[PDB]
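The chain below stands alone and is given in structure tokens; this is the form deposited in one PDB entry.
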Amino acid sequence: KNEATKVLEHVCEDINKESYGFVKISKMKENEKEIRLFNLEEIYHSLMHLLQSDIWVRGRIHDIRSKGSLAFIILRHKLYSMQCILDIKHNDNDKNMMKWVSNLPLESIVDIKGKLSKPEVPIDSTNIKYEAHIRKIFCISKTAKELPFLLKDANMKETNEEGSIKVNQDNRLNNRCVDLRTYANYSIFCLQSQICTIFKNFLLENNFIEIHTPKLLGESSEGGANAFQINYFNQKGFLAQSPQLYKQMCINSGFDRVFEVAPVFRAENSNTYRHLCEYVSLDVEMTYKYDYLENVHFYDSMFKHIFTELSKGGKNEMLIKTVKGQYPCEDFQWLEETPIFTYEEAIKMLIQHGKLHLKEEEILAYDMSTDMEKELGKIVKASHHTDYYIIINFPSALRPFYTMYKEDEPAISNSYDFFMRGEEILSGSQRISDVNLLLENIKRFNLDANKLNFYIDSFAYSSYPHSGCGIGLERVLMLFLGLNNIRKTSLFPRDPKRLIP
């Protein structure tokens, strides 16, 4: 009784003299710890002369099987799986070792000493088509709690059967540290990192500098009602909904081309599949020579570049494929030359396809809904065969006060949205860069010029012609992959009903 459970909980005191057991990191000094420890990613990349001799590898026990003399371990690290096997082939039939190993809880972290070789038929699961024969296995971190759900279940595509295996969004978000271990979730957030990298490097290559502007404000920035309020040492303040005012102030200071990658905070009480209370905004602001279209074409080049880099062979292709295995969706498509529609044209397309009913004099007054966004996206996919397009010339009355209107037709503005799979990823405009026109537009929008005093003032000592845009990082990733919910592309999502974890 005590006998067997003593070996099930066996702690190793000398890794040389023994071949299995729980071990503190302190004790891992076989021949004075000249251990060359490998991880699955390194192994994958070199094999797909590590394999001429025994090696040490660390990983999580993704799955365990045990029958008689044989025992299979699926060892996992990030995206990489490998089958390791304990058959007591060269272990002197310890048998107690078999009991110890076969009782290890899933997700436990293990250091295996073993020999690589390629099997006749590898497992279809392990993307490492080699296997390891276990000469020694030590557990440096034992799973302490039963998982909230099994990874095999959370990794599986949803069949939607009556008695089907399905892990709820709530369950996953509540237990995010486990949810993130699925192959698709790991890949999703590697791709999020990739988008940030391509974005920054493109702008840096085009002579931009990165800026960091405050999120604690004295005023609203993108509107008062939807801002979170704070007590700032007995001043009333707000969280930034956007770095809009500061990135323009930086252009007014001469920085010429700036970007920011930073959180913003939105306090709208909206609970939708695409709305967050906190998200990462990629912001750009820059000057133009004579026409604001110069900048629009530039923003377009940027996104085409992002798509080109995300769709390339190598790592990104494996990441996207791993996402698509659980969440299938056709490849994101874009044309060599991006289609650009005017808002009027887009609305007339919706009318022509009988999705909207509007007389002429009402078109510029209609404010396009998210449903109509997706309907326009379907129309353009069928006619232009792309998932990516631009709408310009939004009605002035539907855009913020800093948007420059067309002087010859003030009912429309020099403004633009970009769309992926029919849904908005980017919003931006030519800015009003004349301080008097700016004050006129502020009063036309019934805003309080005193609360905007420092921003306005930044235009009083001249102002370059400039434009800019703001982009949702989580939206871009969501829509590139076709995912159903933006909570899949934010690490720890924030929404009106979720502050935790």
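Only residues modelled in both forms are compared. Under this definition, the rigid core comprises the largest set of C-alpha atoms superposing within 1.5 Å between the forms. Note that residue numbering follows the sequence shown and begins at 1.
Unmodelled stretch separating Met48 from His49: 10 or more residues (count of deposited-sequence residues without coordinates). Mean CA temperature factor is higher for 162 to 170 when stretches 162 to 170 and 398 to 406 are set side by side in the entry. Averaged over Cα atoms, the B-factor as recorded in the entry is higher for 437 to 445 than for the other of 437 to 445 and 469 to 477.
Of all the options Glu219, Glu278, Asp387, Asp331, the entry's greatest CA B-factor is assigned to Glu219. Out of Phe454, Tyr464, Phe459, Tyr44, the entry records its largest CA B-factor for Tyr44. The deposited CA B-factor of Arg257 belongs to the lowest third of values across its chain. When the modelled residues of the chain are ordered by C-alpha B-factor, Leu483 sits in the middle third. Among the modelled residues of its chain, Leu204 has a C-alpha B-factor that falls in the lowest third, as given in the PDB entry. For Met302, the recorded CA B-factor ranks within the lowest third of the chain. Only modelled residues enter the ranking. The deposited CA B-factor of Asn96 belongs to the highest third of values across its chain.
As for the form deposited in another entry, it is not shown, yet the points below apply to it.
Core-based superposition between this form and the one not shown leaves all of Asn31, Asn436, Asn446, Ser462 but one with CA shifts under 2 Å; the exception is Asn31. A displacement of less than 2 angstroms separates the C-alpha positions of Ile109 between this form and the one not shown, with the rigid core held in common.
With the core held fixed between this form and the one not shown, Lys89 has its Cα displaced by at least 2 Å. Relative to the shown form, the Cα atoms of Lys24 and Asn31 move together by 3 Å or more in the other entry. Once the core is fitted, the segments that move between this form and the one not shown, counting only runs of three or more residues with each CA displaced by at least 2 angstroms, are 29 to 33, 88 to 90.
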